[PDB]
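The next block holds one structure in the form of structure tokens; read it before the comments.
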Amino acid sequence: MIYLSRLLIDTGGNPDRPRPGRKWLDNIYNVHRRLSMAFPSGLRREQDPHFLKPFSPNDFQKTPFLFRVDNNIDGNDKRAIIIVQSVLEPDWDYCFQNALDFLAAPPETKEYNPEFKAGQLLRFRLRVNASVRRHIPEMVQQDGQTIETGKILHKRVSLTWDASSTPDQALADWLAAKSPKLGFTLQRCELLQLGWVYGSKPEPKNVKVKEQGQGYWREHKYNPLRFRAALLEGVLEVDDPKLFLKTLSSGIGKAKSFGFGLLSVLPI
RNA sequence: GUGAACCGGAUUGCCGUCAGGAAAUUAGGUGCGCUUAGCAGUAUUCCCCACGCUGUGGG
């Protein structure tokens with residue numbers, strides 16, 4: 001079975017007061033870490049019932065869950081929705097017990113058993129990371145002059161199109177190229193949002209040796225994280241019920257640890 | 001093992017009954033925070049592993 005969970009954030013109100021929930025969404029790494037803190041081990045929960053001990057990733061279960069962040073929901077109020085799809089039951093009352101300021105509504109969870117027959121029309125929403133891997137010559141310095149270096153870099157960069165092609169056509173072709181393998185066939189696809197997603201990651205770096213021995217003194221260095229994001233919505237038709245269920249709960253692209261793979265399907 | 005050694009200033013006691021700081025006070029007169037900007041139609045996306053001469057998988 002699948003577990004589907006929904007979280008709500010205000011992202012509104014008085015701008016002259018602290019808003020930890022709205023500020024929490026400025027870094028995708030922080031969002032991923034906070035969502036990962038919702039799956040504690042059976043020993044950590046017994047030892048620390050209040051989540052008041054130092055946080056170590058080795059004490060939390062590893063499981064490839066997926067999530068997406070949606071915005072602009074109305075009713076005279078602003079809302080940001082976080083939708084999480086997982087293969088395990090989340091523990092929201094352990095993750096947000098000391099951070100109830102973050103949310104504007106209690107978390108909700110439910111079961112999900114999608115059974116689809118062959119040749120069924122579905123309405124889908126999903127966000128992609130438009131990335132391709134290429135060999136790039138290394139240009140450096142640019143101190144008024146460009147100096148080339150002989151090394152060729154294997155780098156994952158953004159998807160590009162020609163001057164006579166619209167981004168929508170390029171993305172539709174790029175998705176229809178792989179849609180045979182995933183297990184569905186498109187009928188219409190339109191691009192809604194195209195942009196970037198940013199984040200920062202801490203990394204330990206050694207500085208000096210310990211006089212008493214047994215380790216170093218260490219410090220933190222921050223590494224940037226940039227991704228190309230494109231949101232799509234449209235209609236699809238199931239080819240075979242076997243590969244489609246594998247496409248779900250797995251992702252349809254890269255950067256799946258930063259909310260970049262999730263298929264949302266409605267029966268039309 | 002020294003004008004040194006042995007060596008208690010000790011026993012008893014309430015400072016209690018008395019007291020209005022009180023009559024009177026406007027802190028008022030004058031003042032633009034103003035000149036400025038796509039979260040988007042791109043030409044390298046920070047790191048690692050495997051298969052090829054771009055496609056999978058992890059942060």
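Chain labels run A, B, ... following the order of the structure tokens; each chain numbers its residues from 1, and ligands are numbered from 1 in the order shown.
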**OP:** Could you list the residues in chain B lying within 10 Å of chain A, using only C-alpha atoms (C1' of nucleotides), and format the result as a ChimeraX atom specification?
**Re:** /B:39-47,54-59
**OP:** Mind listing the strand (DSSP E) residues of segment 12-151 of chain A, per DSSP on the backbone, as a PyMOL selection string?
**Re:** chain A and resi 66-70+80-86+108-112+121-129+131-141+146-151
**OP:** Excluding residue 36 of chain A and any residue of its chain fewer than 5 positions from it, enumerate the residues within 10 Å of it, using only C-alpha atoms (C1' of nucleotides), and give them as a PyMOL selection string.
**Re:** chain A and resi 30-31+57+60-65+90+95+257
Original post:
Which residue out of A:209, A:229, A:25, A:2 has the minimum interatomic distance to residue 85 of chain A when only C-alpha atoms are used?
Top reply: A:2
**OP:** Looking only at alpha helix (DSSP H) from DSSP on the backbone, list the matching residues of segment 110-213 of chain A as an MDAnalysis selection string.
**Re:** chainID A and resid 167:182
With N, CA, C and O atoms retained, export the selected residues as a compact mmCIF listing (two decimals), in the first residue's frame.
# COMPACT_ATOMS: atom_id res chain seq x y z
N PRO A 167 9.71 26.26 -25.64
CA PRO A 167 10.03 25.33 -24.55
C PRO A 167 9.00 24.24 -24.35
O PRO A 167 9.35 23.12 -23.96
N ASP A 168 7.72 24.54 -24.60
CA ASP A 168 6.67 23.54 -24.41
C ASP A 168 6.86 22.36 -25.35
O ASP A 168 6.74 21.20 -24.94
N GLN A 169 7.16 22.63 -26.62
CA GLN A 169 7.40 21.55 -27.58
C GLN A 169 8.61 20.72 -27.20
O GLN A 169 8.59 19.49 -27.28
N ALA A 170 9.69 21.39 -26.77
CA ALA A 170 10.90 20.67 -26.37
C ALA A 170 10.62 19.76 -25.18
O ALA A 170 11.05 18.60 -25.17
N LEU A 171 9.90 20.27 -24.18
CA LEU A 171 9.59 19.45 -23.01
C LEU A 171 8.65 18.30 -23.37
O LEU A 171 8.80 17.19 -22.85
N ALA A 172 7.67 18.55 -24.24
CA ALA A 172 6.77 17.49 -24.65
C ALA A 172 7.52 16.38 -25.38
O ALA A 172 7.28 15.20 -25.13
N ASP A 173 8.44 16.75 -26.27
CA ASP A 173 9.25 15.75 -26.95
C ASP A 173 10.15 15.01 -25.97
O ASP A 173 10.31 13.78 -26.06
N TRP A 174 10.75 15.73 -25.02
CA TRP A 174 11.65 15.12 -24.06
C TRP A 174 10.92 14.14 -23.15
O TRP A 174 11.51 13.16 -22.69
N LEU A 175 9.64 14.39 -22.87
CA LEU A 175 8.87 13.46 -22.05
C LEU A 175 8.33 12.30 -22.87
O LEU A 175 8.29 11.16 -22.39
N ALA A 176 7.90 12.57 -24.11
CA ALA A 176 7.40 11.51 -24.97
C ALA A 176 8.50 10.56 -25.43
O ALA A 176 8.20 9.43 -25.83
N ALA A 177 9.76 11.00 -25.39
CA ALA A 177 10.86 10.10 -25.71
C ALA A 177 10.95 8.97 -24.69
O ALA A 177 11.20 7.81 -25.06
N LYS A 178 10.74 9.28 -23.41
CA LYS A 178 10.85 8.29 -22.35
C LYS A 178 9.51 7.66 -21.97
O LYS A 178 9.50 6.64 -21.28
N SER A 179 8.39 8.24 -22.40
CA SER A 179 7.10 7.70 -22.01
C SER A 179 6.85 6.26 -22.48
O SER A 179 6.07 5.56 -21.80
N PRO A 180 7.42 5.77 -23.58
CA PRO A 180 7.32 4.33 -23.87
C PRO A 180 7.79 3.43 -22.74
O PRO A 180 7.15 2.41 -22.45
N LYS A 181 8.90 3.78 -22.08
CA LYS A 181 9.48 2.91 -21.08
C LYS A 181 8.72 2.97 -19.76
O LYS A 181 8.58 1.96 -19.06
N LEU A 182 8.21 4.15 -19.39
CA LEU A 182 7.55 4.30 -18.10
C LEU A 182 6.24 3.52 -18.05
O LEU A 182 5.91 2.92 -17.02
Subject >> Closest of A:35, A:73, A:197, A:189 to residue 125 of chain A - atom-to-atom distances counting only C-alpha atoms >> reply: A:189
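Nearest residue to residue 260 of chain A, choosing from A:129, A:97, A:113, A:41 and counting only C-alpha atoms: A:129.
In this model, the gap between atom CA of residue 71 of chain A and atom CA of residue 104 of chain A comes to 14.0 Å.
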